[PDB]
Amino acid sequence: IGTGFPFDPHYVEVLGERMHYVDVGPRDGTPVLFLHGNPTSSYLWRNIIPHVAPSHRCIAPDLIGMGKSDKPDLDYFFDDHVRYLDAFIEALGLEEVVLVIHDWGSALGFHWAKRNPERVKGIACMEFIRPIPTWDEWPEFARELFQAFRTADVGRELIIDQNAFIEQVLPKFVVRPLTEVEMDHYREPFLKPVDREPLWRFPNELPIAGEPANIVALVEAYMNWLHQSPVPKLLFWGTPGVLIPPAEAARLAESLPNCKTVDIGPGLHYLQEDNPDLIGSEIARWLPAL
């Protein structure tokens, strides 16, 4: 599995700030927009995009505060990310898109799709965010750590001062071992502790046990939309998963309309690091019929 990032950089001004993005592939069709989450960047899609770029334009932004994008002096709430991604999409003049989404990129993508349903031609998703009713639905192997992330003082000491989202969560949530070169790519945006704010705000935004209420309500709204939507869907899952265990992927195969599931094999949360070639090949095979 490749460790390089052989993509020309692009930057667009969005709400006064520069956002980095990959933009490869042919420019005369429906683009495929890849949305990462915490604590990643477009680097997460590096081995998937080459499967898709022969046939389709691939656009993969770095969320504000992350990757090679600018770092404004924000609290990095979900709604900050909503504003910047909305403006990014308009700044590129995109009309219709196919979404390929993961983690907080999935909350962004589903929320955008709910608000712009006639512009979404397909959704490929994996390890996406749904309301989490209680901590019992969070895997036991990461329960105490994510409870600490959401504990006053403690969580900032872990994520800001110790860089735990990069140094602990990434290896914990990839089945295979990550290489030093890969880790150093993921570390690059967050060498300075102050810049780790988005990494801490994100787990404190997760919709767990009804809080924070704003996020619970917006996630419930986009999930209601997705369960009713005829849009084509492609859902990748692994065993044992983190947000989406195998039994839930099997239930979603029925409870989401026009949904095709793909078992990637062993996988936790960053499924793209365990089986990028099947994720890219299956997205490429599914696009033409959209």
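The first residue of the shown sequence is 1; numbering continues from there.
Exercise for review: On mean C-alpha B-factor from the PDB entry, just flag whether 242 to 250 or 65 to 73 is the higher one.
Suggested key: Stretch with the greater average CA B-factor: 65 to 73.
Practice item. State which stretch shows the higher mean Cα B factor in the entry: 255 to 263 or 30 to 38. Key: Stretch with the greater average CA B-factor: 255 to 263.
Exercise for review: Can you pull the Cα B-factors for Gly105, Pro203, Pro133, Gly122 from the entry and say which is highest?
Suggested key: If I rank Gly105, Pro203, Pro133, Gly122 by C-alpha B-factor, first place goes to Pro133.
Check your understanding: Hey, out of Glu127, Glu182, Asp86, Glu211, whose CA B-factor is highest in the deposited coordinates?
Key -> Top of the list by C-alpha B-factor: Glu211.
Practice item. Taking the chain's C-alpha temperature factors as the reference, tell me which third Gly16 falls into: lowest, middle or highest. Key: According to the entry, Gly16 has a C-alpha B-factor in the chain's highest third.
Exercise for review: Divide the modelled residues of the chain into thirds by Cα B-factor and specify which third, lowest, middle or highest, holds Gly109.
Suggested key: For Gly109, the deposited C-alpha B-factor lands in the lowest third.
Check your understanding: Split the chain's modelled residues into thirds by Cα B-factor; is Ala284 in the lowest, middle or highest one?
Key -> Its C-alpha B-factor belongs to the middle third of this chain's values.
Exercise for review: Within this chain's modelled residues, let me know which third the CA B factor of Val174 belongs to: lowest, middle or highest.
Suggested key: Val174: CA B-factor falls in the lowest third of its chain.
Point to revise | Third assignment of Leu99 from its chain's C-alpha B-factors | key: Its C-alpha B-factor belongs to the lowest third of this chain's values.
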